[PDB]
């Protein structure tokens, strides 16, 4: 279907086909050399240049080499710099360039490539949709929003643009506004809309406005394979891990860690209170839009398996105690943090990002009334000096209606059924 050959390339199609045949047979090393020879002999040929880039691309996959892929990324750009490049080939080459740049984490580089594509093909709205994804990947929601507004102004029923626009509105706390876009976009069935992120946030937005249809969308997302269940809606998962909202210490196998937390709870409390009194700026307000109302702040000692050295200066005995337990300090998909919550606080029902962690809560200062946590269909409360354990990949919700502050210590651990190989290789979250 795509027209990849300009006038000159048509005359050398026999040589170009012979090289491409080598690539399709899996003789990648022979294919690279053959296209390199064609590039050497026909330095202006776009198809020869693209063949070289495709072979370098395949070779990077074979050898799992970032450096080989960087070479391919440059050759894809070289295609675009040649004279008389067919429009189909120009688009294919720069699109793959941007895709591979994103794979390498070159998000700024991918954005420049996508901006070039949009400038070269001003009527291609799918390219503008790709550009919006580029802005979203660097965290530039403002520019992403402008891009999808431009798309929706031309094609109002673009489902891909709708879900991404609705995602941005929802991230901006424009909850009611986001629902029709997320809903209509998912319902369009357009390529790219069947995504767990959009089912996740549509249901959450509906929950926040009191729309009872929220769980029909969790149920459909489960039926389409995005969620392990309607209750457990994490999106960064390892399949097969035991799934239950509440855990006992013995069920986790982390009984030595639990004993240490409970035996030594007062020193953990006292260091948290000292920071509250003398270094309160170390407690940072929750910043994921998870509160309906109230005050909730956290003082984080470990995140992504990395010790925060300045934070541990403020709780040195607690950090010294916890260093004996790699099951938590090495949990690169979890945190270790103090969590203070004040009266008048309601945390929206929400789910964590991954099923690969379990969460321990050690009670430190718990008012006698008013504080409770629901996980799935079960509500519990904290006790001073005692550990609660739940899987926060299940929907959970917290209220604080006491007459004074509530302080807990949160210790994330690797899910106990994850092998050591998985604990070393899983991407940090």
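Positions refer to the first chain, counted from 1.
Student: State which stretch shows the higher mean Cα B factor in the entry: 14-22 or 409-417.
Tutor: If you average the C-alpha B-factors of 14-22 and of 409-417, the larger mean comes out for 14-22.
Student: Can you tell me which stretch has the higher mean Cα B-factor, 190-198 or 329-337?
Tutor: It is 190-198 that shows the higher mean C-alpha B-factor.
Student: Taking the Cα B-factors listed in the entry, which of 270, 292, 150, 262 comes out highest?
Tutor: Out of 270, 292, 150, 262, the record gives the largest C-alpha B-factor to 150.
Student: For the CA B factor values reported in this entry, which option in 287, 124, 74, 277 has the top one?
Tutor: That would be 124.
Student: Considering only modelled residues of the same chain, in which third does the CA B-factor of residue 398 rank: lowest, middle or highest?
Tutor: Bottom third by C-alpha B-factor.
Student: Please place residue 392 in the lowest, middle or highest third of its chain according to the CA B-factor in the PDB entry.
Tutor: Ranked within chain, residue 392 CA B lands in the lowest tercile.
Student: Test of reading the entry: by CA B factor among the chain's modelled residues, which third contains residue 357?
Tutor: Its C-alpha B-factor belongs to the middle third of this chain's values.
Student: Looking at the temperature factor on the CA atom of residue 223, which third of the chain's modelled residues does it land in?
Tutor: Tercile = highest for this residue's CA B-factor.
Student: Grab the CA temperature factor for residue 166 from the record and place it in the lowest, middle or highest third of its chain.
Tutor: Within its chain, residue 166 is a lowest-third residue by C-alpha B-factor, going by the deposited values.
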